[PDB]
Amino acid sequence: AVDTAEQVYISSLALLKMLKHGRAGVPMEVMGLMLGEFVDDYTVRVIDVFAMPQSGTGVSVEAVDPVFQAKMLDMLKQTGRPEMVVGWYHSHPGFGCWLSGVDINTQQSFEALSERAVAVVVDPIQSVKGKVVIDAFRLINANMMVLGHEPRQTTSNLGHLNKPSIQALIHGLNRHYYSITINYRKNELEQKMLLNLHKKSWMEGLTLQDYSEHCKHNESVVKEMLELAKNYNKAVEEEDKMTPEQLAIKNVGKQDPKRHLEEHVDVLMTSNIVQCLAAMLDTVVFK
Amino acid sequence: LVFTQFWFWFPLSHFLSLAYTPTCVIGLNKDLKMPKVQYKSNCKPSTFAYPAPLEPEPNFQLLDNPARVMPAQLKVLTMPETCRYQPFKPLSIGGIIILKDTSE
Amino acid sequence: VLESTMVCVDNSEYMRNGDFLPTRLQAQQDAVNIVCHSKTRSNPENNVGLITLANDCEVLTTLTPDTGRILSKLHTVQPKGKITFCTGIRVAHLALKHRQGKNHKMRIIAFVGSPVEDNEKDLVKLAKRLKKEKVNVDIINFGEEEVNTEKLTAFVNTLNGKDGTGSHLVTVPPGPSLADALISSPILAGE
């Protein structure tokens with residue numbers, strides 16, 4: 001009987017391809033296959049995901065070229081990834097992470113082929129500039145439900161699964177399909193790579209910002225500072241006096257003096273200080 | 001530590017058997033056996049009695065060589081005024097104590 | 001048998017020759033056609049690929065069981081430069097290595113009618129490398145019946161060791177198209 005602690009370690013490559021494909025495919029419930037591997041009874045390793053040329057209808061999608069897929073499989077065996085199918089994924093742009101009826105049927109087929117297949121869902125609409133809305137799934141056996149058996153033995157505390165979503169519950173979560181825990185593992189190369197991605201070049205690292213633009217920038221910032229000081233003086237002219245405590249934040253829903261003052265003073269700190277430092281450092285380092 | 005490491009495997013939680021520390025004091029004699037002698041706590045037998053299963057109150061309690069003696073309920077524990085067996089080691093120390101015996 | 005066959009073909013300026021009727025390039029075309037047909041009549045899945053040997057020893061078609069593309073591409077060729085060999089053989093060996101069908105036995109055949117300007121010591125070392133890499137070679141020589149026949153005999157003996165019959169030599173004297181020899185050759189007679 002399957003275990004609760006089952007994990008799916010998805011390669012960063014796989015995640016990026018999934019998300020890019022789905023974001024391209026919005027709103028179409030675009031679909032793709034992935035090659036991974038079943039290392040053991042507690043883990044599934046997902047390596048790569050490649051899409052499907054099919055472009056069906058604005059409510060549904062369909063497999064077009066089994067020949068396409070078989071050829072991709074053979075060739076990737078030749079070079080690329082000698083993995084072989086472990087599941088499939090499709091975007092649900094703005095629905096959560098639940099499986100429609102057709103989704104469940106496709107799965108049923110996948111499991112019939114390989115009892116431990118996996119389905120995957122991604123929400124490029126919802127996946128934020130930060131956390132990413134994704135999940136994995138495997139069906140629930142109606143035979144087990146009728147017999148009273150249970151999906152997985154939870155020989156762990158890895159069954160919290162971060163508060164299964166109400167939407168997934170509604171659409172059928174844990175009554176026909178159950179979530180699984182995703183993870184990201186890096187063999188240090190992609191890891192330090194990821195680190196490199198944002199890192200910028202010493203070109204700029206030493207490139208002092210032009211100084212005429214900087215002088216004008218300071219001029220503008222000091223002007224807006226003067227005005228913010230005026231309105232701040234007016235605001236403090238009463239502040240607690242005349243007791244806006246009941247007014248609280250609702251004293252005015254606009255134009256807080258202090259917050260703007262601190263924001264702009266901080267930014268002009270940054271600008272002026274670092275530019276002066278770069279000036280000093282260059283003057284002295286190029287000799 | 002191992003017990004606390006059960007998140008990822010329940011079967012490990014049994015390890016607290018190791019940490020189980022018998023909260024007892026045994027008076028052992030040279031014959032390497034329990035002598036039928038009693039211990040006394042100069043304290044209320046109400047603050048350190050077994051939990052209720054689901055004289056107003058004296059300040060004395062008595063016990064036998066197999067003696068459930070809690071840490072706080074160990075310092076006050078004492079051997080009665082006189083007995084065949086006397087604590088060769090200070091009883092407030094706790095643990096297993098050897099008992100020097102009188103004539104017989 | 002499952003066979004992945006690489007074939008190298010010389011196109012040196014000597015292949016401008018015409019000692020073989022109608023001309024050397026057309027004799028090579030005939031040889032490739034007959035060999036491709038023989039391989040096709042062999043296990044169809046058997047795969048084929050092509051290399052031209054010149055100043056830069058270029059490659060024409062990677063592995064494929066087809067022969068139409070083989071012959072078509074081979075048609076668009078003219079003799080130029082001088083055979084560089086060595087590099088050609090190494091490229092062909094790498095080709096056989098990067099073959100999709102690993103089960104297929106690895107077989108190289110080289111049309112090498114020309115004078116070979118090679119060091120026999122390095123020929124022998126390459127023979128060692130290739131035999132240890134488990135690939136069998138068959139040479140089809142025409143023209144220089146004296147300049148390089150001894151060198152190729154030594155190379156083939158090296159490849160064979162004491163029992164490596166998979167290595168084969170076929171040197172043809174001046175005469176008609178290079179068809180009758182190939183058809184009645186051991187390399188295809190065994191087939």
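The name given to chain C in the PDB entry is 26S proteasome non-ATPase regulatory subunit 4, and the organism recorded there is Homo sapiens.

Chain A is annotated in the PDB entry as 26S proteasome non-ATPase regulatory subunit 14 from Homo sapiens.

## Examining the side chain of A:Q275
All names here are of chain A. Secondary-structure assignment places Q275 in helix α9 (residues 257-285). Its relative accessible area of 7% is what places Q275 among the buried residues. Within the structure, the side chain of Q275 is placed 3.4 Å from the backbone oxygen of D210, a separation counted as a polar contact. Ignoring anything within four residues of it in the chain, the contact list for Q275 reads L208, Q209, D210, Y211, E213 and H214.

## What to know about the UniProt feature "short sequence motif: JAMM motif" in chain A
Using the residue numbers shown here, the UniProt feature "short sequence motif: JAMM motif" corresponds to residues 90-103 of chain A. Taken end to end, residues 90-103 of chain A comprises 21% helix and 14% strand; its first and last C-alpha atoms sit 9 Å apart.

## Details of the interface of chain A and chain B
Contact with chain A, which involves six residues of that partner, is made by four residues of chain B. Taking both sides of the interface into account, the surface hidden between chain A and chain B amounts to around 430 Å²; carbon and sulfur atoms contribute 63%. Where chain A packs against chain B, one counts zero salt bridges. Across the chain A-chain B interface, the total number found is two residue pairs in polar contact. Broken down by class, the residue content of the side of chain A that touches chain B amounts to two nonpolar, four polar and no charged.

## Digging into a nonpolar patch on the surface
All names here are of chain A. On the surface, a nonpolar cluster with roughly 890 Å² of combined accessible area is contributed by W202, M203, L206, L277, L281, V284, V285 and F286. Taken together, the elements giving at least two residues each to the nonpolar patch come down to α7 (202-206) and α9. Judged by relative accessible area, which is 53%, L277 ranks as exposed.

## Comments concerning a negative patch on the surface
A contiguous patch of negative charge on the surface is contributed by A:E237, A:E238, A:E239, A:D240 and A:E245. Mapping A:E238 onto the fold places it in helix α8 (residues 211-238).

## Some thoughts on the domain arrangement of chain A
Under the domain assignment, chain A is made up of domain 1 (7-195) and domain 2 (206-280). In this structure, domain 1 of chain A and domain 2 of chain A have C-alpha centres spaced 48 Å apart.

## Quick notes on the nonpolar core
Residue and element names in this part refer to chain C. With 26 residues, the main nonpolar core has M6, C8, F85 and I108 as its most contacted residues. Taken together, the elements giving at least two residues each to this core come down to β1 (3-10), β2 (47-53), α3 (87-97), β4 (105-111), α4 (120-132), β5 (136-142) and α5 (149-160). If you look at the next biggest cluster of nonpolar residues, it comprises 25 residues, including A27, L178, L182 and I187.

## What to know about the UniProt feature "binding site: Zn(2+)" in chain A
Residues and elements named next belong to chain A. As recorded in UniProt, the feature "binding site: Zn(2+)" lies at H90, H92 and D103. Examined against the element boundaries, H92 turns out to sit in the loop between β4 (84-91) and α3 (101-113). At 2.9 Å, the side chain of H92 forms a polar contact with the side chain of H90. Counting through the fold element by element, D103 comes out in helix α3.

## A word on helix α1 (residues 24-41) of chain C
Residues and elements named next belong to chain C. Across its 18 residues, α1 extends 26 Å between first and last C-alpha, which sits within 8% of the 26 Å expected from 1.5 Å per residue. Within the span of α1, buried status applies to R24, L25, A27, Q28, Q29, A31, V32, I34, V35, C36, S38 and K39. Contacts from the buried residues of α1 go to β1, α2 (68-75), β4, β5, α6 (180-183) and α7 (186-189).

Thresholds, definitions, all that
Residues numbered from 1 in each chain as written, not as in the entry; some residues may be left out. Chains lettered and ligands numbered in written order. Part of a larger assembly, values for the part shown. Heavy atoms only, no water. Helix = DSSP H or I, 4+ residues; strand = E, 2+ residues; numbered from the N terminus. Buried < 20%, exposed > 50% of the residue type's maximum accessible area, 1.4 Å probe, protein only. Polar contact = N/O pair within 3.5 Å; in protein donor to acceptor, adjacent residues only side chain to side chain. Contact = heavy atoms within 4.5 Å. UniProt positions renumbered as here; feature names shortened; annotations may be inferred. Buried area = accessible area lost by both parts, 1.4 Å probe. Salt bridge = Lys/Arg side-chain N within 4 Å of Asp/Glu carboxyl O. Nonpolar A, V, L, I, M, F, W, Y, C, P; charged D, E, K, R; others polar. Patch = residues over 30% accessible without salt bridge, like charges linked within 9 Å, V, L, I, M, F, W, Y side chains within 5 Å. Areas by Shrake-Rupley, 256 points an atom, 1.4 Å probe, with all protein chains shown as cover. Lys, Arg positive; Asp, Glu negative; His and termini not counted. Charge placed at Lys NZ, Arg CZ, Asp CG, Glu CD. Domains from an automatic or database assignment. Core = buried A, V, L, I, M, F, W, Y, C linked by side-chain atoms within 4.5 Å. Expected span 1.5 Å × (residues − 1).

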